[PDB]
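Quick heads-up: it's one chain on its own, the form deposited in one PDB entry, in structure tokens.
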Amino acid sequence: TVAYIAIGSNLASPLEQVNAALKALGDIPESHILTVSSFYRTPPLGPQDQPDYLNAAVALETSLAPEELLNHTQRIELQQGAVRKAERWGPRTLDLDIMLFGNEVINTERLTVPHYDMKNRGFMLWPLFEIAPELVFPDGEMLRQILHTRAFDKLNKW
């Protein structure tokens, strides 16, 4: 199944974090990277007392169960020093969010797929569109069309 993973970093040298993350994503068992986006510098969503993010997206082919992929993504966050601050939407050395897991709809305590907020975020949608311009969401919506509708500002390269 192709999983689409959003990468965000705004602490501790985001370019280094993102490169380290991509290496580690490629090392997850029973999986391999298909396509990587460009790297974009994006203003924070949420609290404004934090640095700009590097955002990217990756398409990962995997035979893992979605929760076992999440175990592996969370382990890479840990490996890279991610600390979950008290405040919502605060800074991170690395944030790996599962945007899509093929065409699956997943709603569990640990895991909500498609990512609950992705359709509201150009920092997630633009890098996804770069790597999967023909994507169709589980609900039948085209990514290309969501982008049109929302008219989100285009992103700046890192």
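Don't overthink the numbering: it's just position in the shown sequence, from 1. Under this definition, the rigid core comprises the largest set of C-alpha atoms superposing within 1.5 Å between the forms.
Participant: Determine, for stretches 83 to 91 and 68 to 76, which one has the higher mean CA B-factor as deposited.
Facilitator: Comparing averages over the C-alpha atoms only gives 83 to 91.
Participant: What stretch has the higher average Cα B-factor here, 3 to 11 or 147 to 155?
Facilitator: Between 3 to 11 and 147 to 155, it is 147 to 155.
Participant: Hey, out of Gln50, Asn120, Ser37, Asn107, whose CA B-factor is highest in the deposited coordinates?
Facilitator: Among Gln50, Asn120, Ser37, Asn107, the PDB entry lists the largest C-alpha B-factor for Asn107.
Participant: If you rank every modelled residue in this chain by C-alpha B factor, which third holds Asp27: lowest, middle or highest?
Facilitator: Answer is highest: the recorded C-alpha B-factor places it there.
Participant: Based on the deposited C-alpha B factors for this chain, I'd like to know if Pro44 is in the lowest, middle or highest third.
Facilitator: It falls in the middle third of the chain.
The form deposited in another entry is left out here; the points below concern that form.
Participant: Which is the one residue in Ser37, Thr62, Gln50, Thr42 whose C-alpha moves 2 Å or more between this form and the one not shown, relative to the superposed rigid core?
Facilitator: The one that shifts is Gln50.
Participant: Compare the position of the CA of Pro133 between this form and the one not shown after a rigid core fit and state whether the shift reaches 2 Å.
Facilitator: Stays below the 2 Å threshold, so no.
Participant: When the two forms are laid on each other by their rigid core, does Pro91 show a Cα shift of 2 Å or more between this form and the one not shown?
Facilitator: Yes, shifts by 2 Å or more.
Participant: Superposing on the rigid core, is the Cα displacement of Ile76 between this form and the one not shown 2 Å or more?
Facilitator: No: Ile76 shifts by under 2 Å between this form and the one not shown.
Participant: Between the shown chain and the other structure, the Cα gap of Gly122 to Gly90 differs by 3 Å or more. Is it closer or farther in the other form?
Facilitator: Relative to this form, farther apart in the other form.
Participant: Since the Cα separation of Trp89 and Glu77 moves by 3 Å or more in the other form, tell me which way: closer or farther than here.
Facilitator: Residues converge in the other form, at least 3 Å closer.
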